[PDB]
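Shown here is one chain on its own, the form deposited in one PDB entry, set out as structure tokens.
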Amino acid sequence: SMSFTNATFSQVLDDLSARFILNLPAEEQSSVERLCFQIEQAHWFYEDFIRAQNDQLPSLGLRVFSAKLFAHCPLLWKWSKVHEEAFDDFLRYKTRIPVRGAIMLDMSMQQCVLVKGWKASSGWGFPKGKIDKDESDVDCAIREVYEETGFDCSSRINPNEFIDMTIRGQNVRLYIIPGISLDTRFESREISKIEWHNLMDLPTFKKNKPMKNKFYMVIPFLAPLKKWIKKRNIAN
């Protein structure tokens, strides 16, 4: 889409407020938990879609974005100081579903492995999944990478190199694994395709660049990933 390419930040807050918050049934509006659900959905919508159309919009933490949204909408101002206190305690301290995955980079750290599902609405994304019971984070990442890409990363995954992100009510952690050979043959055991994507071709990675593709939960990680690659290059 192009609907937000020329939108101001205030217009974006208006769109998100009408899209996610304003028109809920009163039962949903009174509940703190439902309201957090909607704000998280709007936050993920902002990061994953709206920021892609316009990189002049800044990436915001869930707490900062939720604060700006609370200030923007006068209807939301019905919430009291004590109730915004307790609400921010819930959002900040809400237990979210843990999902773990990997960002697999080539030897030159210029391309990454992405997977796409069967549906036309299914977009490209990092291999990742929801953690099982009594499963460790690293084991969850290795398991999901094996199930989706068929690549065994247990000998190359680094438990101390990962990107944490709280988005769409999920605690996402993606372990960064560089040095993967482009000759790697990938196969799954429900994945439409596994492919290498150039990092600069991905939306918002380059400084000023235009290319229509659909991605899911990829744009939020590109700034930390870019930083990480710059540091690793600086070491080498």
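So that the term is clear: the rigid core is the largest set of C-alpha atoms that superpose within 1.5 Å between two forms. Position 1 is the first residue in the sequence shown; the rest follow in order.
Beyond what is shown, the protein has a form deposited in another entry; the following relates to that form.
Residue displacement note: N198 has its CA displaced by under 2 Å between the shown form and the other one (rigid core superposed). If you fit the rigid core between the shown form and the other one, you'll see the Cα of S154 move by less than 2 angstroms. With the core held fixed, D164 shows a CA shift below 2 Å between the shown form and the other one.
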